[PDB]
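Peer 1: Enclosed are the sequence and the experimentally obtained structure.
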There are 2 protein chains.
Amino acid sequence: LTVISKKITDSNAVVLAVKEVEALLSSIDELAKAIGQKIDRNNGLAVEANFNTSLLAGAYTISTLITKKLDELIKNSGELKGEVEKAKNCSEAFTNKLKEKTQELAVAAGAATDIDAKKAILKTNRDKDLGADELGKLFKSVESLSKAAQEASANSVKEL
Amino acid sequence: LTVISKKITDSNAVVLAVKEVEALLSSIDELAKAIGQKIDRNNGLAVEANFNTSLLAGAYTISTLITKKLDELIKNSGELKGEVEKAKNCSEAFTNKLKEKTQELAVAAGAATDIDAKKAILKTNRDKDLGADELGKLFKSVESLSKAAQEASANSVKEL
């Protein structure tokens, strides 16, 4: 069926666009892993602490690409327009909190401390006041948008 | 058709897994954008140079997650097993080159220069000798694996 085909196609590009953002979110989690680290030829990472300024600059730029993908998805989001819009607003709030905190996160001579950096990009830190709180709100909202997997998978399992 | 359904499902999880890696690759490109930068409350990023050690540590950890996703995909890759395996080998070569270059990329007190960092993670730098060459080989090979879009899209456009 032509329309039934076009439906499996629409719900396809929707999960695709959402996974792209999940993957960008996952890379901010890898960045948190590299807080106060250096590449280590035997161990992968060794400790080289209290120099996280540019590392944070890279989480900032990734966060602005996530907002962009959330935003472009809205026009193609269909019934999940609502969930996309609240996903994107979380992403903007994360980016805005990092910008508020340049005193702690944007330190001269590279030297944003590990303690401050974890308060920005480590979902699980106890102190979350430099962006970490918003990062977690953004994961949860994108994880609820990813309910679009059940939506699309049911589209194809319109075999009944 | 049950089997024809199962085929649209298989080719679905294949593009999904590939987009996840494309997105992880794209985040290394954002990291390159933040080479020698800091968050800037008016401008997004301002210049704070020659302190890129941990930033590079984060590209390292992301690169090891890409190999992992390429590797897990092989068992579910079907006819594109061949293209997945050469994608993963590029990813391992990128990660191995970063490890070779700890003298330049893993500098004490945070201070890996912008010049050396671009030779590792900036696809388009002229000098590519600290990983940048392998990063580009990995993009191209994953971009050819993403030919799995035509594969899957033709599966669904088995409407004839």
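Peer 2: Received it, and whenever you're ready, just let me know what you need. Residues are numbered from 1 along each chain as shown, chains lettered A, B, ... in the order given.
Peer 1: Go ahead and list the helix or strand containing the residue nearest to the spatial centre of chain A.
Peer 2: Residue closest to the mean C-alpha point of chain A, counted by C-alpha atoms, centre = their mean, is residue A:25 at 2.7 Å. Taking DSSP states H and E as the criterion, the element that holds residue A:25 is helix A:2-33.
Peer 1: Run through the neighbouring helices and strands of that helix.
Peer 2: Under the contact criterion of 3 or more C-beta pairs under 8 Å, 6 or more residues apart in numbering or on different chains; DSSP states H and E, helix A:2-33 touches helix A:53-74, helix A:114-121, helix A:132-145, helix A:148-156, helix B:2-33, helix B:53-74, helix B:148-156. Backbone N, C-alpha and C define where each C-beta goes, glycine included.
Peer 1: got CSV for those, with distance to residue A:81 too?
Peer 2: Below are the helices and strands packed on helix A:2-33 laid out as CSV (distance: least, C-beta to C-beta, whole Å):
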stretch, distance to residue A:81
helix A:53-74, 6
helix A:114-121, 29
helix A:132-145, 11
helix A:148-156, 11
helix B:2-33, 21
helix B:53-74, 30
helix B:148-156, 24
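Peer 1: To residue B:131, which of the ones you listed lies closest?
Peer 2: Ranking those by proximity to residue B:131 (C-beta to C-beta) places helix B:53-74 first, at 8.4 Å.
Peer 1: The closest one - contacts with which helices or strands?
Peer 2: Helix B:53-74 sits against helix A:2-33, strand A:37-40, strand A:44-47, helix A:53-74, helix B:2-33, helix B:81-100, helix B:114-121, with contacts defined as 3+ C-beta pairs under 8 Å, 6+ apart.
Peer 1: Now do the first one and helix A:132-145, the angle between them.
Peer 2: Put simply, helix A:2-33 runs at 160 degrees to helix A:132-145, going by axes from the mean of the first three to the mean of the last three C-alpha atoms, to 10 degrees.
Peer 1: distance between helix A:2-33 and the chain's centre?
Peer 2: On the basis of C-alpha atoms, centre = their mean, to the nearest Å, helix A:2-33 sits 12 Å off its chain's mean C-alpha point.
Peer 1: again, but for the third one
Peer 2: Centroid displacement of strand A:44-47 relative to its chain, using C-alpha atoms, centre = their mean, is 24 Å.
Peer 1: Give the partner strands of that strand in its sheet and their orientations.
Peer 2: strand A:37-40 (antiparallel) (DSSP bridges).
Peer 1: quick one on the thing from earlier: dump the helices and strands packed on helix B:53-74 into JSON lines; add distance to residue A:119 as well.
Peer 2: Formatted as JSON lines, the helices and strands packed on helix B:53-74 follow (distance: least, C-beta to C-beta, whole Å):
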{"stretch": "helix A:2-33", "distance to residue A:119": "11"}
{"stretch": "strand A:37-40", "distance to residue A:119": "17"}
{"stretch": "strand A:44-47", "distance to residue A:119": "19"}
{"stretch": "helix A:53-74", "distance to residue A:119": "11"}
{"stretch": "helix B:2-33", "distance to residue A:119": "21"}
{"stretch": "helix B:81-100", "distance to residue A:119": "28"}
{"stretch": "helix B:114-121", "distance to residue A:119": "25"}
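Peer 1: Fine by me, we can end here.
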